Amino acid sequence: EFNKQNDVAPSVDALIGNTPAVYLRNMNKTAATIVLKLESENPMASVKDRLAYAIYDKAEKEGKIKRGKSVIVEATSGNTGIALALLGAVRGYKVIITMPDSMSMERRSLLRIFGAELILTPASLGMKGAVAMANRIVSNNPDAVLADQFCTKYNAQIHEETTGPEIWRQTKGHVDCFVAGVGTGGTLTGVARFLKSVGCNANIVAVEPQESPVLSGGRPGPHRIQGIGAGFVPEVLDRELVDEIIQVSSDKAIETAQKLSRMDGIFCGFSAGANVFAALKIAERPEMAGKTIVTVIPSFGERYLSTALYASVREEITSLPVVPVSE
């Protein structure tokens, strides 16, 4: 009996989740239906808003942190720190985020606009170095807690309680396959568990980068698909629930993102491109005719505008004429 279109929210943390879903319209010329769950429509434009919500809300409820006193600490060069910052501002906690020096001014402003404290580590050390400084500050201060996004039990829990039930209602009980990229793995896992709760046997599909195919027989590498494919198996990912793995090149991911905008009005990030690519691969399978596939759009595209994802679109806008003496 909280409805965002019908009611006034008490505060912005109440606007987390209950995200829309949209049929994939033009790009789908298969006989499968594809539902896109738009996590991009969360308040700070990331699925990670659900995770920050869970950490703060569940830690508070298990007496494990308190307003004014607690200090939330994380090493994150992505959206999790934005979301932690956001909920810090709303709920009255000091937040410290640790990240490599290579991060853009846009991604550091996003933290500091919410009052978070930054502490930067040298680029060559990367994320192992940030992880390092995070643990250092956490055990030095009696008031610090590490969020612990990759190992926390709050991660899959929140998706089993929110994202799952929502998709189930939104599709009215028709989900024949659920496809999602694995970052922390909480989205895939949390949703899968919900579907097993209600006796739905939808095929569960993980999506990984080709340039880092860790959930298969493959070694960690670099890839440009921000938010998924972290170079290991997360503790949070329940592997037994996963029926199938689909690898996507960065290139097939960027193509797909760019078409999503041009063809369907769905402005999103790299991970979204991968997920939809995977969805559409699955939809072309002959046994999937008349079935429903659900995937996730995890982030809105605006954060990724000055990145490889829209490099080709930035080619075409320079290479354009001014005009001079016409009126």
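In case it trips you up, residue 1 is the first one in the sequence shown, and so on.
Given the B-factors recorded for C-alpha atoms, which segment has the greater mean, 219 to 227 or 249 to 257? On average, C-alpha B-factors are higher across 219 to 227.
Averaging only over Cα atoms, indicate whether 90 to 98 or 115 to 123 has the higher B-factor in the PDB entry. Stretch with the higher mean C-alpha B-factor: 115 to 123.
Between 146, 191, 205, 200, which one tops the list for C-alpha B-factor in the PDB entry? Comparing C-alpha B-factors across 146, 191, 205, 200, the maximum falls on 146.
Given 77, 187, 162, 171, identify the residue with the highest C-alpha B factor in the PDB entry. Result of the comparison over 77, 187, 162, 171: 77.
By the record's CA B-factor, is residue 287 among the lowest, middle or highest third of residues in the chain? According to the entry, residue 287 has a C-alpha B-factor in the chain's highest third.
Consider only the C-alpha atoms of the modelled residues in this chain, order them by B-factor as the entry records it, and name the third containing residue 8: lowest, middle or highest. Its C-alpha B-factor belongs to the lowest third of this chain's values.
Divide the modelled residues of the chain into thirds by Cα B-factor and specify which third, lowest, middle or highest, holds residue 238. For residue 238, the deposited C-alpha B-factor lands in the highest third.
Should residue 318 be placed in the lowest, middle or highest third of its chain by the C-alpha B factor in the entry? For residue 318, the deposited C-alpha B-factor lands in the highest third.
Could you say whether, by C-alpha temperature factor, residue 106 belongs to the lowest, middle or highest third of its chain? Answer is highest: the recorded C-alpha B-factor places it there.
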